Amino acid sequence: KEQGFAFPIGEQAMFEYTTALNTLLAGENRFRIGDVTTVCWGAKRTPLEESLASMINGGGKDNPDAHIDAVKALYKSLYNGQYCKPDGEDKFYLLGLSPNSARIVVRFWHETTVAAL
DNA sequence: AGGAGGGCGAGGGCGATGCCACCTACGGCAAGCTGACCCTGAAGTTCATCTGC
C-alpha cells in the first residue's frame, strides 16, 4: 500500500487531524503527563441540560478544549497536591503521544472520564 | 546386774528495702560528580544492481 494508502485517510480528514494535533501540541491542551506530551480535549459535551442552557446564551457550545483543565488539573494535582476525587461523566479525550524518533508514539489514548483517569 | 539419758515449747514480733534529682548536652547525616552515551525517521531520490530485450 506504500505509505499512506496503508491507512487510507482522506485528504480532508488527514488535514483535519494533523492540524488538530498541531494546534493541541501548540495550544493549552498540550501538557506532559510525565515525560509524555499529551493533548487532552473535551469530548462532545452532553446537550447541556435545558435549565443550565437557559442561562447560557446560544446556548451552550462544545468548545473542544473547554474543561481540559479537569484533566490537566488532575495530573497537575499530583504535583499541586490538590487532588480531588472527581465525579466525571464528562469524557476527556487524552491522546498521550510521544516521539519515537520522527514518528509519533501514541502512549495514551483515553476517551474515558477524568474520574477514570 | 538394771538402771534411766529428756519431757516441752517456744525459735520471731515489727516496721522499714527507700528518699531525691538527673538519663543528657551539642553539632554535623553530607560533599560532588554523573542521571548517560550511540542509533532507530519520514520521505524522497539516488544508485547499484537485474531482468529482460
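Would you call A:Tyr83 part of a loop (DSSP other than H, G, I, E, B) and among the aromatic types (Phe, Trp, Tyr)? Yes; evaluated as a whole, the condition is true for this residue.
Of all residues in region A:86-111, count the ones that are assigned to a loop (DSSP other than H, G, I, E, B) and farther than 14 Å from A:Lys72 by Cα.
7
Taking A:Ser54 as the residue in question, decide whether it is assigned to a helix (DSSP H, G or I), polar (S, T, N, Q) and over 20 Å from the mean Cα position of the chain (by Cα). Yes. When you look at A:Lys61, is it assigned to a helix (DSSP H, G or I), of a type in the set (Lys, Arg) and surrounded by fewer than 19 Cβ atoms within 10 Å (Cβ to Cβ), yes or no? Here the answer is no, as A:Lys61 does not meet what is asked. Here A:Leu74 does not qualify as in contact (Cβ under 8 Å) with a residue 60 or more places away in the chain, out of contact with any strand residue (DSSP E or B) (no Cβ under 6 Å at 6 or more places or on another chain) and of a type outside the set (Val, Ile, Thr). Restricted to region A:99-117, and to residues there that are more than 17 Å from A:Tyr17 (Cβ to Cβ) and within 13 Å of DNA strand B (Cβ to nearest atom), the residue that is surrounded by the most Cβ atoms within 10 Å (Cβ to Cβ) is A:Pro99.
One residue stands out among those in region A:20-31 that are more than 15 Å from DNA strand B (Cβ to nearest atom) and over 14 Å from A:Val106 (Cβ atoms): the one that is surrounded by the fewest Cβ atoms within 10 Å (Cβ to Cβ), which is A:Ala26.
Candidates are the residues of region A:1-19 that are within 17 Å of A:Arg103 (Cβ to Cβ) and outside any loop (DSSP other than H, G, I, E, B); the one that is farthest from DNA strand B (Cβ to nearest atom) is A:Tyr17. Given the structure, is A:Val36 within 17 Å of A:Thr112 (Cβ to Cβ) and within 16 Å of DNA strand B (Cβ to nearest atom)? Here the answer is yes, as A:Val36 does meet what is asked. Close Cβ contacts (under 8 Å, 6 or more residues apart or on different chains) running from residues in region A:92-117 that are more than 21 Å from A:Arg45 (Cα to Cα) to residues that are within 13 Å of DNA strand B (Cβ to nearest atom) and part of a loop (DSSP other than H, G, I, E, B) comprise A:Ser98/A:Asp35.
We did not get these values from a lab; they are worked out from the coordinates using the rules stated. Cβ atoms come from the backbone with ideal geometry, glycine included; neighbour counts cover every protein chain shown.
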